[PDB]
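Beneath this line is the structure, given in structure tokens, with notes to follow.
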Amino acid sequence: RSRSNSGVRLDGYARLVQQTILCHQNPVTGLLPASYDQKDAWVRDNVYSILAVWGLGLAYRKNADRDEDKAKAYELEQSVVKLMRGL
Amino acid sequence: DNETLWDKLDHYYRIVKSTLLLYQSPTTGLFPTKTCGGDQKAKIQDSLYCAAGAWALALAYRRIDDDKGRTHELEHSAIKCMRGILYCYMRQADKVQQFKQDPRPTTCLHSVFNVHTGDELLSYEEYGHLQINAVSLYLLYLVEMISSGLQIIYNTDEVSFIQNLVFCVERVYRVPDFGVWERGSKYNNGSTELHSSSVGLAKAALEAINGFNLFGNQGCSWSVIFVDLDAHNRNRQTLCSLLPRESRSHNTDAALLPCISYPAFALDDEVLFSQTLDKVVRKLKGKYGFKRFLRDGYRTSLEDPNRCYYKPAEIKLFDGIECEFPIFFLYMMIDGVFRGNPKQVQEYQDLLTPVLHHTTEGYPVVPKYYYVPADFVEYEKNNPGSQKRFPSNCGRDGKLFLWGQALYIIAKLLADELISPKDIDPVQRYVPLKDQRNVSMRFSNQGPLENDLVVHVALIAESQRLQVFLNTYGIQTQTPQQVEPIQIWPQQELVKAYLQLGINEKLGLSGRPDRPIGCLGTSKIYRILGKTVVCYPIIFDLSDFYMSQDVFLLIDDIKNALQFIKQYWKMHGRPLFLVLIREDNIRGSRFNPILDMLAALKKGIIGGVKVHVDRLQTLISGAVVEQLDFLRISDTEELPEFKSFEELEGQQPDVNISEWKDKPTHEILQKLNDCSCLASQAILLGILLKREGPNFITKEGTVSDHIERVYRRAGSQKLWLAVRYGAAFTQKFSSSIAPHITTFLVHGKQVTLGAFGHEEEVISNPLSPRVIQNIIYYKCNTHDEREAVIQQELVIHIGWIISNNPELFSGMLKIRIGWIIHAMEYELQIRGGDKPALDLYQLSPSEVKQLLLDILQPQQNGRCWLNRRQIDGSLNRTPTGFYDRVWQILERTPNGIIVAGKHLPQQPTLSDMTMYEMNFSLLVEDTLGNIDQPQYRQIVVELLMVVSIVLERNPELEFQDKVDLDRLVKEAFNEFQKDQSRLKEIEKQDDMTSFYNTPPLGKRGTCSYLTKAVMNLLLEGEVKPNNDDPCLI
């Protein structure tokens, strides 16, 4: 009924990824700048920086029996695809 | 027609409110069967259709915005009835639990309830409550109304009960029931019998309810109903096998329209649909209605009302005077609207109008049945359909047929296009010829005619030593550890996981019964407890039986499983077929057959089934995952991790059976140490469990497990004697034998389980694994325990053939196991020459299948004709349509047929049954059963064929006296002697050999003398001048 405790702690990780990485993803291209000062997208860093989104998306997909769990897993998974399509 | 749609709907509102809704029970919501009389009876089948009628008018009133509260009244009149059935059903939850574990007529849900209280009204003795049509229709309509927006299920506790109702419906393929007509058959013996309508309704109920959220739009993952595909598949295999016949007794039934048309639409093949529709239209349509079935005596003038059961001879008097039910004009009317044929709608509307009656207010009354009066029965029989029939229900009497009245509303609303066909069919039970992409309903992505299904085949090796060593031969495989986060399970672990589905400690429901998951179920990808689990097919389990250890059968089991998935997988995703290879399969000469199959899978095709060999991670990425959420909603997140598959890190018997069994001394225990053979051990341990108790201690340990160790160890060597004794003396019984038998008799084939010349038990009706286990070991075989193991060997083997090569057993109406094992054992004598022949218990189960296949062939090539008549005779194989020709024979022999002291008279044989009927086909073999020589059987079966040839092409001749075929066989016999004595003067006297070896067709063949024998006695009779070809002279 209620969401699994793993998903609840993933929301803490979802906040961690969103506040750090996914909030910097370019809406148009899916790329990720290195920082504020460095506004370009390095191929290596973008691939590496998207792993947390990839791992979290896999973790969310692992227990995606509910619409929001499907949707946040889908968003994370296709945020990785956006990045790699952009790259 | 300027009438407003309010006035059109108000017209039906009055009928609905005054004819069926007026009688809805305020307490239970059920609709009484008898409106006048004070009877408390409320039938689920009738009440369900009454709910649909109010629901149908609610759907019509959904098009009126100013409904004046009539949509709510009619929507919630259906909900009140639907919940009342649930209230009655849940009050019988102890029966639902029992019917899940052991489906039986005495453990089933009641189909008749008190309309005012919901209590149990009639016991199993008074009433036949086993009516799967009721439970299936409840599940079907429950999906229909919930999909339309009616909120019937209120909490997960009810969801658990509906899941248990689904479990009761899964097993129905093997459960004979009394059917919709609460009668079973024409004979009224109170005998349950498998009905196409009941099994088809179960198929319709399972398709609509699979993955269905009982909460509607206000629903989450914990209200979806899970359906076992394979029990649904075996329900459909039963439906396709039984059809176009309703059952064994009924070639057709009016109940087929509720099954193959509204509300079920259970047939997905348009050829069969047509075939099955015509037999209803031809043999049951009438002016006043449809006859429920041929020779139906329900409420007929020739029926004794006091007696609840019909005499075996009473069904004869019921021909031509069967009650005609107007309700099936409506069913055809609903069929016409659904199928887009307006001529059908108008034609059956023009037939209802004469049979419709009206109340004092002009409201239509649909009579239950139209019966010929007692004064007009005999005129009706001579010329059917020419005499007036009186209505059962006329209106203005107080007696109303609520099922007919409700179904009138549905058909008329459809006919006047006030409700769309899709409105009463929100979950689409009727699908047009655009038959693609419906789960569980035969409409895959490819559609209705193309079936080039690609099965995802994952190659799994049990150990790395096998993994790398197979890799050295060009085959890529992955050990379970290589596929790590994924879990490869035995199908049992899936059953153990499924044990928690549908449990209600409040209702005392125990969950899904412990039944093996078959190929289609294991073809799905499951996610349990956050772990993605793929179960390999049961065919790879080394516990159920020992033919999985035979590499050739495993290769054929792998092939036929893929063909089984290619034929019966109809879900959105691609099925996953995990292939498990054990070291036993590679060791020895078994590599060469296993490698070619694996190479074929790598090549992409095997058995004509397209397969895709790839890593398990590849074949799992985008497939639909069955979420076993019930294992987490109960907060059982700490449930024990189900045991996934764990990677692993020569002479003939010198001891004869009679040599030491006769030996009275107990020194045989020392002889056990003296001898060195495994079979000698496998016999010595067996007597020790009988002579010295069940769990005596031996050198290795207890007797019970020491024989189990030997059985496990003997199979490793492939010493088949010891593995056959090992499985026989432990009373081993795989889960497949019982369903295999059920597959046999739904094809029209009786099964006998016993050795030749000993007690044989005929399996007329489907039986549970428990009784068949008692059948196959305790009563049937006691001369030799290995008889049962060999008996179970063929049953799976015939189960293998009956599906791949169904034509192979055509004519063989009775699959008699021991009679078949004679055919192989006698064939070994034939092939053995003047040498000690092979033993059927020495042959590997592959050679058992091949020799069985050899001795079954349509025509053995070039063999001794004597021997052919032996192979065909032992199998009791008959020509196609042979049983039909016996009618044409019996139709034209007034005094019948006498053979081997068994007489088949013209009467009451012709009067009692029909000449497509299955019962007559059983009657001939009972008459034919006294012939001991299988070769002598064929020459008689040959003779009955030729006399049928004489009778058909020569209708002028007719027999006077009893046709004693032994004399005709004997008469044609001596003519062969005197002819051959003239040739070479063979000195053998009363020897069939020369007569048997000659081919029928030839210069002087058997059927030539058989033809002469018939004509000599056929010309001994008066010739009848025939008007078909008036004799020119």
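Residue numbering restarts at 1 for every chain of the structure tokens, chains are lettered A, B, ... in their displayed order, and ligands are numbered from 1 as they appear.
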
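In this structure, the chain B residues at most 8 Å away from chain A are residues 220, 221, 222, 530, 531, 532, 627, 629, 632 and 633 of chain B, with only C-alpha atoms considered.
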
- Query: If you count only C-alpha atoms, which residues fall within 12 Å of stretch 36-47 of chain A, apart from same-chain ones fewer than 3 positions away, as a list in words?
  - Reply: residues 21, 22, 24, 25, 26, 29, 30, 31, 32, 33, 50, 51, 52, 53, 54, 79, 80, 81, 82, 83, 84, 85, 86 and 87 of chain A

Only N, CA and C atoms, please: the residues just picked out, written as a PDB file, in the first residue's frame.
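Final output, saved to selection.pdb:
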ATOM      1  N   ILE A  21      22.992  17.818  -9.396  1.00  0.00           N
ATOM      2  CA  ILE A  21      23.291  17.521 -10.792  1.00  0.00           C
ATOM      3  C   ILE A  21      22.140  17.897 -11.714  1.00  0.00           C
ATOM      4  N   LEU A  22      20.982  17.266 -11.544  1.00  0.00           N
ATOM      5  CA  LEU A  22      19.898  17.367 -12.516  1.00  0.00           C
ATOM      6  C   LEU A  22      19.310  18.769 -12.636  1.00  0.00           C
ATOM      7  N   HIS A  24      21.089  21.318 -13.049  1.00  0.00           N
ATOM      8  CA  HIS A  24      21.992  21.985 -13.972  1.00  0.00           C
ATOM      9  C   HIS A  24      21.909  21.429 -15.383  1.00  0.00           C
ATOM     10  N   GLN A  25      21.035  20.458 -15.626  1.00  0.00           N
ATOM     11  CA  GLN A  25      20.902  19.895 -16.962  1.00  0.00           C
ATOM     12  C   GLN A  25      20.247  20.908 -17.888  1.00  0.00           C
ATOM     13  N   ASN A  26      20.848  21.114 -19.054  1.00  0.00           N
ATOM     14  CA  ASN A  26      20.291  22.060 -20.004  1.00  0.00           C
ATOM     15  C   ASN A  26      18.964  21.535 -20.545  1.00  0.00           C
ATOM     16  N   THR A  29      19.495  20.638 -24.492  1.00  0.00           N
ATOM     17  CA  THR A  29      20.459  19.658 -24.966  1.00  0.00           C
ATOM     18  C   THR A  29      20.647  18.476 -24.029  1.00  0.00           C
ATOM     19  N   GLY A  30      20.326  18.626 -22.749  1.00  0.00           N
ATOM     20  CA  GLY A  30      20.585  17.576 -21.790  1.00  0.00           C
ATOM     21  C   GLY A  30      21.998  17.539 -21.264  1.00  0.00           C
ATOM     22  N   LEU A  31      22.855  18.449 -21.708  1.00  0.00           N
ATOM     23  CA  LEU A  31      24.227  18.514 -21.239  1.00  0.00           C
ATOM     24  C   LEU A  31      24.289  19.181 -19.872  1.00  0.00           C
ATOM     25  N   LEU A  32      25.453  19.074 -19.242  1.00  0.00           N
ATOM     26  CA  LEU A  32      25.658  19.565 -17.897  1.00  0.00           C
ATOM     27  C   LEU A  32      26.937  20.387 -17.824  1.00  0.00           C
ATOM     28  N   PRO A  33      26.859  21.668 -17.473  1.00  0.00           N
ATOM     29  CA  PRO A  33      28.078  22.457 -17.286  1.00  0.00           C
ATOM     30  C   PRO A  33      28.855  21.999 -16.062  1.00  0.00           C
ATOM     31  N   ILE A  50      26.358  11.835 -14.991  1.00  0.00           N
ATOM     32  CA  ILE A  50      25.033  11.286 -15.243  1.00  0.00           C
ATOM     33  C   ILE A  50      24.855   9.909 -14.623  1.00  0.00           C
ATOM     34  N   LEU A  51      25.921   9.324 -14.073  1.00  0.00           N
ATOM     35  CA  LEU A  51      25.829   7.992 -13.483  1.00  0.00           C
ATOM     36  C   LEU A  51      24.914   7.979 -12.265  1.00  0.00           C
ATOM     37  N   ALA A  52      24.988   9.014 -11.426  1.00  0.00           N
ATOM     38  CA  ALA A  52      24.107   9.081 -10.264  1.00  0.00           C
ATOM     39  C   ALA A  52      22.648   9.099 -10.690  1.00  0.00           C
ATOM     40  N   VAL A  53      22.331   9.861 -11.737  1.00  0.00           N
ATOM     41  CA  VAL A  53      20.992   9.820 -12.311  1.00  0.00           C
ATOM     42  C   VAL A  53      20.684   8.422 -12.829  1.00  0.00           C
ATOM     43  N   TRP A  54      21.658   7.792 -13.489  1.00  0.00           N
ATOM     44  CA  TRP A  54      21.460   6.446 -14.017  1.00  0.00           C
ATOM     45  C   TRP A  54      21.262   5.435 -12.895  1.00  0.00           C
ATOM     46  N   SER A  79      16.522  11.304 -18.470  1.00  0.00           N
ATOM     47  CA  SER A  79      17.495  12.372 -18.279  1.00  0.00           C
ATOM     48  C   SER A  79      18.894  11.889 -18.631  1.00  0.00           C
ATOM     49  N   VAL A  80      19.173  10.610 -18.377  1.00  0.00           N
ATOM     50  CA  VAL A  80      20.433  10.016 -18.808  1.00  0.00           C
ATOM     51  C   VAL A  80      20.465   9.895 -20.323  1.00  0.00           C
ATOM     52  N   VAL A  81      19.351   9.465 -20.918  1.00  0.00           N
ATOM     53  CA  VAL A  81      19.254   9.391 -22.370  1.00  0.00           C
ATOM     54  C   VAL A  81      19.396  10.776 -22.984  1.00  0.00           C
ATOM     55  N   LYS A  82      18.886  11.825 -22.349  1.00  0.00           N
ATOM     56  CA  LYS A  82      18.964  13.153 -22.900  1.00  0.00           C
ATOM     57  C   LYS A  82      20.346  13.538 -22.930  1.00  0.00           C
ATOM     58  N   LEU A  83      21.037  13.295 -21.829  1.00  0.00           N
ATOM     59  CA  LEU A  83      22.448  13.658 -21.776  1.00  0.00           C
ATOM     60  C   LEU A  83      23.242  12.937 -22.854  1.00  0.00           C
ATOM     61  N   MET A  84      23.042  11.626 -22.976  1.00  0.00           N
ATOM     62  CA  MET A  84      23.856  10.850 -23.903  1.00  0.00           C
ATOM     63  C   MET A  84      23.451  11.119 -25.345  1.00  0.00           C
ATOM     64  N   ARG A  85      22.161  11.371 -25.584  1.00  0.00           N
ATOM     65  CA  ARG A  85      21.743  11.865 -26.891  1.00  0.00           C
ATOM     66  C   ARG A  85      22.355  13.226 -27.185  1.00  0.00           C
ATOM     67  N   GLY A  86      22.389  14.112 -26.194  1.00  0.00           N
ATOM     68  CA  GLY A  86      23.013  15.408 -26.358  1.00  0.00           C
ATOM     69  C   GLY A  86      24.499  15.292 -26.613  1.00  0.00           C
ATOM     70  N   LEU A  87      25.167  14.412 -25.866  1.00  0.00           N
ATOM     71  CA  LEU A  87      26.573  14.131 -26.116  1.00  0.00           C
ATOM     72  C   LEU A  87      26.794  13.454 -27.459  1.00  0.00           C
TER      73      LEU A  87
END

- Item | Distance query residue B:887 at most 12 Å, only C-alpha atoms, self and fewer than 5 positions along chain excluded, as a count of residues only | 29

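For the atom pair formed by atom CA of residue B:40 and atom CA of residue B:108, the distance is 20.6 Å, given to one decimal.
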
- Task: Apply DSSP to the backbone of this structure and, from chain A, keep only the residues in helix (DSSP H, G or I); write these as a ChimeraX atom specification.
- Result: /A:5-20,22-24,43-49,51-61,67-86

- Message: Residues near residue B:264, anyone? I mean within 12 Å using only C-alpha atoms, not counting same-chain ones fewer than 5 positions away, as a ChimeraX atom specification.
- Response: /B:133,136-141,143-144,196-208,255-259,331,334-335,338,424-425,427-431,441

- Task: Skip stretch 663-667 of chain B itself and residues of its chain fewer than 6 positions away, then list as a PyMOL selection string all residues within 12 Å of it, counting only C-alpha atoms.
- Result: chain B and resi 655-657+673-674+684+687-688+691-692

Check which residues of stretch 192-214 of chain B sit at most 6 Å from stretch 166-188 of chain B using only C-alpha atoms, and return one row each with the closest pair of atoms and their distance in Å to one decimal, ordered by chain and rising number, as CSV.
residue,atom,partner,partner_atom,distance
B:192,CA,B:177,CA,4.6
B:193,CA,B:176,CA,4.2
B:194,CA,B:176,CA,4.2
B:202,CA,B:169,CA,5.9

Just N, CA and C atoms for this one: save the residues we selected as a short mmCIF file (atom, residue, chain, number, x, y, z; two decimals), in the first residue's frame.
data_model
loop_
_atom_site.label_atom_id
_atom_site.label_comp_id
_atom_site.auth_asym_id
_atom_site.auth_seq_id
_atom_site.Cartn_x
_atom_site.Cartn_y
_atom_site.Cartn_z
N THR B 192 -21.97 -34.59 -13.26
CA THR B 192 -21.28 -33.42 -13.77
C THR B 192 -20.53 -33.77 -15.05
N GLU B 193 -20.51 -32.82 -15.99
CA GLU B 193 -19.88 -33.04 -17.28
C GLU B 193 -19.43 -31.71 -17.86
N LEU B 194 -18.28 -31.75 -18.52
CA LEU B 194 -17.57 -30.55 -18.93
C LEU B 194 -18.31 -29.84 -20.05
N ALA B 202 -15.42 -19.16 -18.25
CA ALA B 202 -14.21 -19.02 -17.44
C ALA B 202 -13.10 -18.36 -18.24
#

- Item | Distance criterion (only C-alpha atoms): nearest to residue B:120 out of B:491, B:954, B:147, B:92 |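 Going through B:491, B:954, B:147, B:92 one by one, the smallest distance to residue B:120 is for B:92.
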
- Residue neighbourhood stretch 69-76 of chain B, 8 Å, only C-alpha atoms, exclusion window fewer than 5 positions, as a VMD selection string: chain B and resid 54 to 55 57 to 59 61 to 62 150

Would you output that residue set with N, CA and C atoms, as a PDB file, in the first residue's frame?
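Ended up saving to part_25.pdb:
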ATOM      1  N   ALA B  54     -30.614  -3.372 -15.770  1.00  0.00           N
ATOM      2  CA  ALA B  54     -30.617  -2.061 -15.130  1.00  0.00           C
ATOM      3  C   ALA B  54     -29.365  -1.278 -15.492  1.00  0.00           C
ATOM      4  N   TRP B  55     -28.223  -1.961 -15.563  1.00  0.00           N
ATOM      5  CA  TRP B  55     -26.988  -1.311 -15.986  1.00  0.00           C
ATOM      6  C   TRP B  55     -27.078  -0.844 -17.433  1.00  0.00           C
ATOM      7  N   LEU B  57     -29.816   0.054 -19.094  1.00  0.00           N
ATOM      8  CA  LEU B  57     -30.654   1.245 -19.140  1.00  0.00           C
ATOM      9  C   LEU B  57     -29.968   2.430 -18.478  1.00  0.00           C
ATOM     10  N   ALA B  58     -29.123   2.170 -17.480  1.00  0.00           N
ATOM     11  CA  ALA B  58     -28.311   3.233 -16.900  1.00  0.00           C
ATOM     12  C   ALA B  58     -27.357   3.815 -17.932  1.00  0.00           C
ATOM     13  N   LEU B  59     -26.759   2.957 -18.759  1.00  0.00           N
ATOM     14  CA  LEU B  59     -25.910   3.436 -19.842  1.00  0.00           C
ATOM     15  C   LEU B  59     -26.703   4.255 -20.849  1.00  0.00           C
ATOM     16  N   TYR B  61     -29.465   6.010 -20.108  1.00  0.00           N
ATOM     17  CA  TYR B  61     -29.778   7.238 -19.394  1.00  0.00           C
ATOM     18  C   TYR B  61     -28.554   8.105 -19.154  1.00  0.00           C
ATOM     19  N   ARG B  62     -27.357   7.567 -19.356  1.00  0.00           N
ATOM     20  CA  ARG B  62     -26.143   8.362 -19.318  1.00  0.00           C
ATOM     21  C   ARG B  62     -26.097   9.395 -20.432  1.00  0.00           C
ATOM     22  N   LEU B 150     -19.258   1.746 -12.598  1.00  0.00           N
ATOM     23  CA  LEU B 150     -19.983   1.303 -11.415  1.00  0.00           C
ATOM     24  C   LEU B 150     -18.995   0.800 -10.374  1.00  0.00           C
TER      25      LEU B 150
END
